[PDB]
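As provided, protein.cif (mmCIF, N, CA and C atoms) reads as follows.
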```cif
data_work
loop_
_atom_site.label_atom_id
_atom_site.label_comp_id
_atom_site.auth_asym_id
_atom_site.auth_seq_id
_atom_site.Cartn_x
_atom_site.Cartn_y
_atom_site.Cartn_z
N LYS A 1 -9.07 15.49 30.74
CA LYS A 1 -8.97 14.02 30.86
C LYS A 1 -8.35 13.40 29.64
N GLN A 2 -8.89 13.78 28.47
CA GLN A 2 -8.60 13.18 27.18
C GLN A 2 -9.35 11.86 27.05
N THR A 3 -9.85 11.62 25.88
CA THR A 3 -10.70 10.49 25.64
C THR A 3 -9.90 9.21 25.46
N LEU A 4 -10.49 8.09 25.88
CA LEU A 4 -9.87 6.81 25.68
C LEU A 4 -10.01 6.43 24.23
N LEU A 5 -11.11 6.85 23.65
CA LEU A 5 -11.36 6.71 22.24
C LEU A 5 -10.54 7.76 21.49
N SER A 6 -10.22 7.51 20.25
CA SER A 6 -9.29 8.34 19.54
C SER A 6 -9.68 8.46 18.05
N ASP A 7 -8.70 8.74 17.20
CA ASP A 7 -8.86 8.87 15.76
C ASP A 7 -8.89 7.54 15.07
N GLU A 8 -8.57 6.51 15.81
CA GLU A 8 -8.73 5.15 15.31
C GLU A 8 -10.21 4.85 15.12
N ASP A 9 -10.99 5.27 16.11
CA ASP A 9 -12.43 5.04 16.18
C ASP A 9 -13.14 5.58 14.99
N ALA A 10 -12.60 6.65 14.44
CA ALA A 10 -13.14 7.28 13.26
C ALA A 10 -13.13 6.32 12.07
N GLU A 11 -12.22 5.37 12.08
CA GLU A 11 -12.16 4.40 11.04
C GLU A 11 -13.02 3.20 11.40
N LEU A 12 -12.98 2.80 12.64
CA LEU A 12 -13.75 1.65 13.07
C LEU A 12 -15.26 1.84 12.91
N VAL A 13 -15.73 3.09 13.02
CA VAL A 13 -17.15 3.37 12.86
C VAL A 13 -17.62 3.14 11.42
N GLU A 14 -16.76 3.42 10.45
CA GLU A 14 -17.14 3.25 9.06
C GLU A 14 -17.06 1.78 8.63
N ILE A 15 -16.21 1.03 9.29
CA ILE A 15 -16.06 -0.40 9.01
C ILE A 15 -17.24 -1.18 9.60
N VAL A 16 -17.57 -0.87 10.85
CA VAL A 16 -18.63 -1.57 11.56
C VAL A 16 -19.99 -1.37 10.87
N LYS A 17 -20.30 -0.12 10.51
CA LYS A 17 -21.58 0.21 9.89
C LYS A 17 -21.67 -0.38 8.49
N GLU A 18 -20.52 -0.56 7.86
CA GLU A 18 -20.43 -1.15 6.54
C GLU A 18 -20.90 -2.58 6.56
N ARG A 19 -20.32 -3.35 7.44
CA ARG A 19 -20.63 -4.74 7.51
C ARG A 19 -21.97 -4.96 8.17
N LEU A 20 -22.32 -4.08 9.10
CA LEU A 20 -23.53 -4.21 9.92
C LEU A 20 -24.81 -4.34 9.10
N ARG A 21 -24.85 -3.70 7.96
CA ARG A 21 -26.03 -3.72 7.12
C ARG A 21 -26.26 -5.08 6.46
N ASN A 22 -25.23 -5.92 6.39
CA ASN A 22 -25.39 -7.26 5.83
C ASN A 22 -24.13 -8.10 6.10
N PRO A 23 -23.94 -8.53 7.35
CA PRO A 23 -22.76 -9.28 7.75
C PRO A 23 -22.90 -10.81 7.66
N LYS A 24 -24.10 -11.31 7.96
CA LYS A 24 -24.40 -12.75 8.10
C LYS A 24 -23.72 -13.32 9.34
N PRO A 25 -24.33 -13.15 10.51
CA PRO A 25 -23.78 -13.68 11.76
C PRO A 25 -23.91 -15.21 11.87
N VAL A 26 -22.84 -15.83 12.28
CA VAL A 26 -22.77 -17.25 12.48
C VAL A 26 -22.59 -17.51 13.97
N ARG A 27 -23.53 -18.24 14.54
CA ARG A 27 -23.54 -18.54 15.97
C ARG A 27 -22.50 -19.61 16.29
N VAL A 28 -21.54 -19.24 17.09
CA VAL A 28 -20.44 -20.10 17.46
C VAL A 28 -20.11 -19.96 18.96
N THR A 29 -19.06 -20.65 19.34
CA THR A 29 -18.48 -20.62 20.66
C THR A 29 -16.96 -20.46 20.49
N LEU A 30 -16.22 -20.24 21.56
CA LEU A 30 -14.77 -20.02 21.46
C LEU A 30 -14.02 -21.32 21.40
N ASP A 31 -14.63 -22.35 21.95
CA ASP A 31 -14.02 -23.67 22.02
C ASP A 31 -13.93 -24.28 20.63
N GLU A 32 -14.88 -23.94 19.78
CA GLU A 32 -14.93 -24.50 18.45
C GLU A 32 -14.08 -23.68 17.47
N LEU A 33 -13.66 -22.49 17.89
CA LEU A 33 -12.83 -21.66 17.03
C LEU A 33 -11.42 -22.21 17.00
N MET B 1 -20.76 -19.42 29.03
CA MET B 1 -20.85 -18.10 28.42
C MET B 1 -22.21 -17.52 28.74
N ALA B 2 -22.25 -16.29 29.20
CA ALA B 2 -23.52 -15.64 29.49
C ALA B 2 -24.10 -15.13 28.19
N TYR B 3 -23.26 -14.47 27.45
CA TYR B 3 -23.59 -14.02 26.12
C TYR B 3 -23.09 -15.04 25.15
N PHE B 4 -23.84 -15.27 24.11
CA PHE B 4 -23.42 -16.21 23.08
C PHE B 4 -22.42 -15.54 22.15
N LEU B 5 -21.84 -16.29 21.23
CA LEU B 5 -20.86 -15.73 20.36
C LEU B 5 -21.34 -15.76 18.91
N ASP B 6 -21.26 -14.63 18.26
CA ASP B 6 -21.60 -14.51 16.83
C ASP B 6 -20.50 -13.80 16.09
N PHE B 7 -20.32 -14.14 14.85
CA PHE B 7 -19.31 -13.52 14.01
C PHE B 7 -19.84 -13.21 12.63
N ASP B 8 -19.51 -12.05 12.15
CA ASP B 8 -19.75 -11.64 10.76
C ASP B 8 -18.99 -12.58 9.83
N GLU B 9 -19.63 -12.99 8.74
CA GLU B 9 -19.03 -13.90 7.76
C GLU B 9 -17.69 -13.42 7.26
N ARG B 10 -17.55 -12.14 7.08
CA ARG B 10 -16.30 -11.58 6.60
C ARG B 10 -15.26 -11.74 7.70
N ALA B 11 -15.68 -11.48 8.94
CA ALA B 11 -14.85 -11.61 10.14
C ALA B 11 -14.32 -13.04 10.34
N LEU B 12 -15.10 -14.06 9.94
CA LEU B 12 -14.61 -15.45 10.00
C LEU B 12 -13.36 -15.59 9.16
N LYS B 13 -13.39 -14.98 8.00
CA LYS B 13 -12.31 -15.12 7.06
C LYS B 13 -11.15 -14.23 7.51
N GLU B 14 -11.50 -13.17 8.24
CA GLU B 14 -10.55 -12.23 8.80
C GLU B 14 -9.66 -12.89 9.83
N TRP B 15 -10.22 -13.73 10.68
CA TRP B 15 -9.36 -14.36 11.65
C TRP B 15 -8.48 -15.42 11.00
N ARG B 16 -8.92 -15.92 9.85
CA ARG B 16 -8.16 -16.95 9.14
C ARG B 16 -6.94 -16.35 8.44
N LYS B 17 -7.04 -15.07 8.08
CA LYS B 17 -5.97 -14.40 7.35
C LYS B 17 -4.92 -13.77 8.26
N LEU B 18 -5.13 -13.88 9.55
CA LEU B 18 -4.19 -13.35 10.51
C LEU B 18 -3.53 -14.47 11.32
N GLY B 19 -2.49 -14.12 12.06
CA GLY B 19 -1.72 -15.08 12.84
C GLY B 19 -2.54 -15.90 13.83
N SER B 20 -2.20 -17.17 13.92
CA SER B 20 -2.88 -18.13 14.78
C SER B 20 -2.88 -17.71 16.26
N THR B 21 -1.77 -17.19 16.74
CA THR B 21 -1.66 -16.80 18.13
C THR B 21 -2.42 -15.48 18.36
N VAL B 22 -2.54 -14.71 17.30
CA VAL B 22 -3.25 -13.46 17.34
C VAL B 22 -4.74 -13.71 17.58
N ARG B 23 -5.30 -14.70 16.89
CA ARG B 23 -6.72 -14.99 17.03
C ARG B 23 -7.02 -15.55 18.43
N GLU B 24 -6.07 -16.28 19.02
CA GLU B 24 -6.28 -16.89 20.33
C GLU B 24 -6.30 -15.84 21.42
N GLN B 25 -5.51 -14.79 21.25
CA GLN B 25 -5.52 -13.67 22.18
C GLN B 25 -6.90 -13.02 22.17
N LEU B 26 -7.42 -12.80 20.97
CA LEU B 26 -8.74 -12.20 20.78
C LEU B 26 -9.81 -13.06 21.44
N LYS B 27 -9.69 -14.38 21.28
CA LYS B 27 -10.62 -15.35 21.86
C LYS B 27 -10.69 -15.24 23.38
N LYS B 28 -9.57 -15.00 24.02
CA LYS B 28 -9.56 -14.90 25.47
C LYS B 28 -10.07 -13.57 25.95
N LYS B 29 -9.95 -12.57 25.12
CA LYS B 29 -10.53 -11.30 25.43
C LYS B 29 -12.04 -11.38 25.20
N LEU B 30 -12.46 -12.39 24.46
CA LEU B 30 -13.85 -12.59 24.18
C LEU B 30 -14.52 -13.35 25.30
N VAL B 31 -13.81 -14.30 25.91
CA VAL B 31 -14.41 -15.08 27.00
C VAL B 31 -14.77 -14.17 28.19
N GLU B 32 -13.97 -13.14 28.42
CA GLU B 32 -14.28 -12.20 29.48
C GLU B 32 -15.47 -11.29 29.13
N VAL B 33 -15.61 -10.91 27.85
CA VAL B 33 -16.75 -10.06 27.48
C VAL B 33 -18.02 -10.87 27.45
N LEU B 34 -17.88 -12.14 27.21
CA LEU B 34 -19.04 -13.02 27.15
C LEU B 34 -19.68 -13.19 28.53
N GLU B 35 -18.98 -12.71 29.53
CA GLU B 35 -19.46 -12.68 30.88
C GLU B 35 -20.10 -11.30 31.13
N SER B 36 -19.35 -10.27 30.78
CA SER B 36 -19.74 -8.88 30.95
C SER B 36 -19.13 -8.07 29.79
N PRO B 37 -19.92 -7.83 28.73
CA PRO B 37 -19.41 -7.22 27.50
C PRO B 37 -19.48 -5.70 27.45
N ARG B 38 -20.05 -5.09 28.43
CA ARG B 38 -20.20 -3.65 28.38
C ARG B 38 -19.00 -3.02 29.02
N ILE B 39 -17.95 -2.90 28.25
CA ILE B 39 -16.75 -2.34 28.75
C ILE B 39 -16.66 -0.93 28.23
N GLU B 40 -17.31 -0.05 28.94
CA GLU B 40 -17.47 1.37 28.57
C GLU B 40 -16.13 2.07 28.31
N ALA B 41 -15.08 1.61 28.96
CA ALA B 41 -13.74 2.13 28.73
C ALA B 41 -13.32 1.90 27.26
N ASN B 42 -13.74 0.78 26.71
CA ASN B 42 -13.39 0.39 25.35
C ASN B 42 -14.46 0.77 24.35
N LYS B 43 -15.39 1.64 24.74
CA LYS B 43 -16.48 2.05 23.84
C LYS B 43 -15.96 2.69 22.56
N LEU B 44 -16.71 2.52 21.49
CA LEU B 44 -16.39 3.10 20.22
C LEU B 44 -16.87 4.56 20.21
N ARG B 45 -16.41 5.32 19.26
CA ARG B 45 -16.72 6.73 19.18
C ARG B 45 -17.81 6.96 18.15
N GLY B 46 -19.04 6.83 18.57
CA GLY B 46 -20.15 7.03 17.67
C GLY B 46 -21.18 5.94 17.82
N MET B 47 -20.72 4.72 17.94
CA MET B 47 -21.60 3.58 18.12
C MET B 47 -21.51 3.13 19.57
N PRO B 48 -22.53 3.42 20.39
CA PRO B 48 -22.51 3.07 21.83
C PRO B 48 -22.66 1.57 22.07
N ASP B 49 -23.07 0.85 21.05
CA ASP B 49 -23.30 -0.59 21.14
C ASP B 49 -22.04 -1.35 20.77
N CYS B 50 -21.04 -0.64 20.30
CA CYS B 50 -19.84 -1.27 19.81
C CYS B 50 -18.64 -0.88 20.66
N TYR B 51 -17.73 -1.80 20.81
CA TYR B 51 -16.53 -1.61 21.60
C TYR B 51 -15.35 -2.19 20.82
N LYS B 52 -14.13 -1.77 21.14
CA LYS B 52 -12.95 -2.25 20.43
C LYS B 52 -12.01 -2.83 21.43
N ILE B 53 -11.56 -3.99 21.17
CA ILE B 53 -10.54 -4.59 21.94
C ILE B 53 -9.32 -4.60 21.06
N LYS B 54 -8.17 -4.47 21.63
CA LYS B 54 -6.97 -4.42 20.87
C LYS B 54 -5.87 -5.14 21.61
N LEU B 55 -4.95 -5.63 20.86
CA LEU B 55 -3.84 -6.37 21.37
C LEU B 55 -2.67 -5.43 21.49
N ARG B 56 -2.20 -5.27 22.71
CA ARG B 56 -1.17 -4.28 23.08
C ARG B 56 0.09 -4.45 22.24
N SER B 57 0.56 -5.66 22.15
CA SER B 57 1.78 -5.94 21.46
C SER B 57 1.55 -6.36 20.01
N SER B 58 0.52 -7.15 19.77
CA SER B 58 0.27 -7.68 18.44
C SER B 58 -0.21 -6.61 17.44
N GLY B 59 -0.96 -5.62 17.91
CA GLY B 59 -1.40 -4.55 17.03
C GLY B 59 -2.69 -4.84 16.29
N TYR B 60 -3.26 -6.00 16.52
CA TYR B 60 -4.52 -6.37 15.89
C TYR B 60 -5.66 -6.00 16.80
N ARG B 61 -6.84 -5.95 16.28
CA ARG B 61 -7.98 -5.53 17.05
C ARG B 61 -9.22 -6.30 16.63
N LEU B 62 -10.27 -6.10 17.37
CA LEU B 62 -11.54 -6.73 17.16
C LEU B 62 -12.62 -5.75 17.59
N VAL B 63 -13.68 -5.66 16.85
CA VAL B 63 -14.78 -4.77 17.14
C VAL B 63 -16.01 -5.61 17.29
N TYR B 64 -16.73 -5.43 18.35
CA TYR B 64 -17.92 -6.21 18.58
C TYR B 64 -19.06 -5.30 18.98
N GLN B 65 -20.24 -5.80 18.83
CA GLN B 65 -21.44 -5.11 19.18
C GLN B 65 -22.16 -5.95 20.21
N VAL B 66 -22.71 -5.32 21.19
CA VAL B 66 -23.41 -6.03 22.24
C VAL B 66 -24.90 -6.01 21.96
N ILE B 67 -25.43 -7.14 21.59
CA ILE B 67 -26.84 -7.26 21.31
C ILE B 67 -27.52 -7.84 22.54
N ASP B 68 -28.30 -7.03 23.23
CA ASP B 68 -28.95 -7.46 24.46
C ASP B 68 -30.16 -8.33 24.20
N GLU B 69 -30.90 -8.00 23.16
CA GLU B 69 -32.12 -8.75 22.81
C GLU B 69 -31.84 -10.23 22.51
N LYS B 70 -30.78 -10.50 21.77
CA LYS B 70 -30.43 -11.86 21.38
C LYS B 70 -29.36 -12.43 22.30
N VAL B 71 -28.90 -11.58 23.23
CA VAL B 71 -27.84 -11.87 24.21
C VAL B 71 -26.61 -12.44 23.52
N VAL B 72 -25.95 -11.64 22.76
CA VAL B 72 -24.86 -12.14 21.99
C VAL B 72 -23.86 -11.05 21.65
N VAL B 73 -22.61 -11.42 21.70
CA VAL B 73 -21.53 -10.58 21.30
C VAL B 73 -21.28 -10.85 19.85
N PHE B 74 -21.65 -9.92 19.05
CA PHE B 74 -21.55 -10.05 17.64
C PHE B 74 -20.33 -9.32 17.13
N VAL B 75 -19.30 -10.05 16.86
CA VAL B 75 -18.08 -9.50 16.35
C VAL B 75 -18.27 -9.15 14.89
N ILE B 76 -18.03 -7.92 14.57
CA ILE B 76 -18.25 -7.42 13.24
C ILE B 76 -16.94 -7.29 12.46
N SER B 77 -15.88 -6.88 13.10
CA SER B 77 -14.64 -6.68 12.38
C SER B 77 -13.47 -7.28 13.15
N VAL B 78 -12.52 -7.84 12.43
CA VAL B 78 -11.34 -8.46 13.02
C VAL B 78 -10.15 -8.17 12.11
N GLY B 79 -9.08 -7.68 12.67
CA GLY B 79 -7.87 -7.48 11.90
C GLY B 79 -7.22 -6.19 12.26
N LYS B 80 -6.48 -5.61 11.36
CA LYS B 80 -5.85 -4.35 11.63
C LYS B 80 -6.55 -3.21 10.93
N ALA B 81 -6.86 -2.24 11.71
CA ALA B 81 -7.43 -0.99 11.31
C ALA B 81 -6.80 -0.04 12.28
N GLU B 82 -6.69 1.20 11.96
CA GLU B 82 -5.92 2.07 12.81
C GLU B 82 -6.29 3.52 12.62
N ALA B 83 -5.42 4.38 13.08
CA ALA B 83 -5.60 5.79 12.94
C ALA B 83 -4.45 6.39 12.15
N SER B 84 -3.26 5.94 12.48
CA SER B 84 -2.02 6.44 11.94
C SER B 84 -1.95 6.39 10.41
N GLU B 85 -1.84 5.21 9.85
CA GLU B 85 -1.64 5.09 8.41
C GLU B 85 -2.90 5.38 7.61
N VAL B 86 -4.00 5.58 8.30
CA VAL B 86 -5.24 5.98 7.67
C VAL B 86 -5.09 7.43 7.23
N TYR B 87 -4.33 8.19 7.99
CA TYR B 87 -4.06 9.56 7.65
C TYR B 87 -2.89 9.62 6.67
N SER B 88 -1.86 8.82 6.96
CA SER B 88 -0.63 8.79 6.17
C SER B 88 -0.90 8.39 4.71
N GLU B 89 -1.50 7.22 4.51
CA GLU B 89 -1.79 6.75 3.16
C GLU B 89 -2.99 7.49 2.63
N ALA B 90 -3.97 7.67 3.51
CA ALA B 90 -5.22 8.38 3.25
C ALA B 90 -6.05 7.77 2.13
N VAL B 91 -5.74 8.13 0.92
CA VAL B 91 -6.52 7.75 -0.22
C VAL B 91 -5.63 7.22 -1.32
N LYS B 92 -6.24 6.60 -2.28
CA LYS B 92 -5.54 6.04 -3.41
C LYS B 92 -6.31 6.34 -4.70
N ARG B 93 -7.34 7.15 -4.57
CA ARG B 93 -8.19 7.51 -5.68
C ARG B 93 -8.01 8.98 -6.06
N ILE B 94 -8.56 9.87 -5.27
CA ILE B 94 -8.46 11.29 -5.54
C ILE B 94 -7.56 11.97 -4.53
N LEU B 95 -6.50 12.55 -5.02
CA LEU B 95 -5.55 13.23 -4.19
C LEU B 95 -5.99 14.67 -4.08
#
```
So, in terms of structure tokens, how does the structure I just supplied come out?
Amino acid sequence: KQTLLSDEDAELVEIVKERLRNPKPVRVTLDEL
Amino acid sequence: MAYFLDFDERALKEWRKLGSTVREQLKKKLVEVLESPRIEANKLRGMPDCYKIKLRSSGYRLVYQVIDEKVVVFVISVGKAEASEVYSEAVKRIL
């Protein structure tokens, strides 16, 4: 089949977990963006 | 919106540093996930709670996490990250 996920994901996992430990989420909507 | 929208503080600044039309594309890809965010096709490799959306032509991407407890799409990363030049440039410290 081959995966839809790839070697890009290998980088995205380190970025997400990095910020995840202390990102500070701000509650918004798309209309206000 | 079924799911609410949340953004990482760094990610707020991330959309500001990229093209205006680029962020709007991401926003529309967000309105659809805010209805149904579990797009298993776009799942990340390692984090089952996270998915990646990407812009076919623009080359930018967005990574979000689906928080069911708080019912919110929490975008963690916005901008360009990739596979290609990650290998090409690789490092800048220890060769």
Residues picked by the PyMOL selection byres ((chain B and name CA) within 7 of (chain A and name CA)) here, as a tab-separated table (two decimals) with N, CA and C atoms, in the coordinates of the input?
```tsv
chain	number	residue	atom	x	y	z
B	5	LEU	N	-21.84	-16.29	21.23
B	5	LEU	CA	-20.86	-15.73	20.36
B	5	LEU	C	-21.34	-15.76	18.91
B	6	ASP	N	-21.26	-14.63	18.26
B	6	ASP	CA	-21.60	-14.51	16.83
B	6	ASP	C	-20.50	-13.80	16.09
B	7	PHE	N	-20.32	-14.14	14.85
B	7	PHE	CA	-19.31	-13.52	14.01
B	7	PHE	C	-19.84	-13.21	12.63
B	8	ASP	N	-19.51	-12.05	12.15
B	8	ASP	CA	-19.75	-11.64	10.76
B	8	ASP	C	-18.99	-12.58	9.83
B	9	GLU	N	-19.63	-12.99	8.74
B	9	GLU	CA	-19.03	-13.90	7.76
B	9	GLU	C	-17.69	-13.42	7.26
B	10	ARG	N	-17.55	-12.14	7.08
B	10	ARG	CA	-16.30	-11.58	6.60
B	10	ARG	C	-15.26	-11.74	7.70
B	27	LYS	N	-9.69	-14.38	21.28
B	27	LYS	CA	-10.62	-15.35	21.86
B	27	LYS	C	-10.69	-15.24	23.38
B	41	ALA	N	-15.08	1.61	28.96
B	41	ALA	CA	-13.74	2.13	28.73
B	41	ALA	C	-13.32	1.90	27.26
B	44	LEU	N	-16.71	2.52	21.49
B	44	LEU	CA	-16.39	3.10	20.22
B	44	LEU	C	-16.87	4.56	20.21
B	45	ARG	N	-16.41	5.32	19.26
B	45	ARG	CA	-16.72	6.73	19.18
B	45	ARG	C	-17.81	6.96	18.15
B	46	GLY	N	-19.04	6.83	18.57
B	46	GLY	CA	-20.15	7.03	17.67
B	46	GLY	C	-21.18	5.94	17.82
B	47	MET	N	-20.72	4.72	17.94
B	47	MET	CA	-21.60	3.58	18.12
B	47	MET	C	-21.51	3.13	19.57
B	76	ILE	N	-18.03	-7.92	14.57
B	76	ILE	CA	-18.25	-7.42	13.24
B	76	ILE	C	-16.94	-7.29	12.46
B	77	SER	N	-15.88	-6.88	13.10
B	77	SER	CA	-14.64	-6.68	12.38
B	77	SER	C	-13.47	-7.28	13.15
B	82	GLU	N	-6.69	1.20	11.96
B	82	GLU	CA	-5.92	2.07	12.81
B	82	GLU	C	-6.29	3.52	12.62
B	83	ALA	N	-5.42	4.38	13.08
B	83	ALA	CA	-5.60	5.79	12.94
B	83	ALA	C	-4.45	6.39	12.15
```
Q) So which residues of chain B fall under alpha helix (DSSP H) by DSSP, listed as an NGL selection string? A) :B and (9-16 or 20-33 or 84-88)
Report as an mmCIF file with N, CA and C atoms, in the coordinates of the input all protein, DNA and RNA residues lying within 8 Å of residue B:64, evaluated on only C-alpha atoms, omitting residues in the same chain fewer than 3 positions from it.
```cif
data_model
loop_
_atom_site.group_PDB
_atom_site.id
_atom_site.type_symbol
_atom_site.label_atom_id
_atom_site.label_comp_id
_atom_site.auth_asym_id
_atom_site.auth_seq_id
_atom_site.Cartn_x
_atom_site.Cartn_y
_atom_site.Cartn_z
ATOM 1 N N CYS B 50 -21.040 -0.640 20.300
ATOM 2 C CA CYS B 50 -19.840 -1.270 19.810
ATOM 3 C C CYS B 50 -18.640 -0.880 20.660
ATOM 4 N N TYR B 51 -17.730 -1.800 20.810
ATOM 5 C CA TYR B 51 -16.530 -1.610 21.600
ATOM 6 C C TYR B 51 -15.350 -2.190 20.820
ATOM 7 N N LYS B 52 -14.130 -1.770 21.140
ATOM 8 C CA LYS B 52 -12.950 -2.250 20.430
ATOM 9 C C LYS B 52 -12.010 -2.830 21.430
ATOM 10 N N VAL B 73 -22.610 -11.420 21.700
ATOM 11 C CA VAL B 73 -21.530 -10.580 21.300
ATOM 12 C C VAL B 73 -21.280 -10.850 19.850
ATOM 13 N N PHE B 74 -21.650 -9.920 19.050
ATOM 14 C CA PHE B 74 -21.550 -10.050 17.640
ATOM 15 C C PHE B 74 -20.330 -9.320 17.130
ATOM 16 N N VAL B 75 -19.300 -10.050 16.860
ATOM 17 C CA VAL B 75 -18.080 -9.500 16.350
ATOM 18 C C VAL B 75 -18.270 -9.150 14.890
ATOM 19 N N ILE B 76 -18.030 -7.920 14.570
ATOM 20 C CA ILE B 76 -18.250 -7.420 13.240
ATOM 21 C C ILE B 76 -16.940 -7.290 12.460
ATOM 22 N N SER B 77 -15.880 -6.880 13.100
ATOM 23 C CA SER B 77 -14.640 -6.680 12.380
ATOM 24 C C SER B 77 -13.470 -7.280 13.150
#
```
**Q.** For residue B:32: contacts at 12 Å, only C-alpha atoms, fewer than 6 positions along chain excluded, given as a PyMOL selection string
**A.** (chain A and resi 30) or (chain B and resi 1-5+25-26+38-39+53+73)
Q: Would you return as a PyMOL selection string the members of chain B that DSSP assigns to strand (DSSP E) on this structure's backbone?
A: chain B and resi 4-8+50-54+61-67+72-79
Q | Atomic distance atom CA of residue B:48 - atom CA of residue B:67, expressed in Å with one decimal | A | 11.2 Å
Q.
To one decimal place in Å, what is the distance between atom N of residue B:68 and atom CA of residue B:49?
A.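 Answer for the atom N of residue B:68 to atom CA of residue B:49 separation: 8.4 Å.
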(Q) Rounded to one decimal, what separation in Å do you get between atom C of residue B:35 and atom C of residue B:60? (A)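 Interatomic distance, atom C of residue B:35 to atom C of residue B:60: 21.0 Å.
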Padding 4 Å on every side, please: axis-aligned box over the listed atoms of stretch 35-39 of chain B, centre and edge lengths to one decimal in Å, as AutoDock Vina command-line options.
```
--center_x -18.4 --center_y -6.8 --center_z 29.3 --size_x 11.5 --size_y 19.8 --size_z 11.7
```
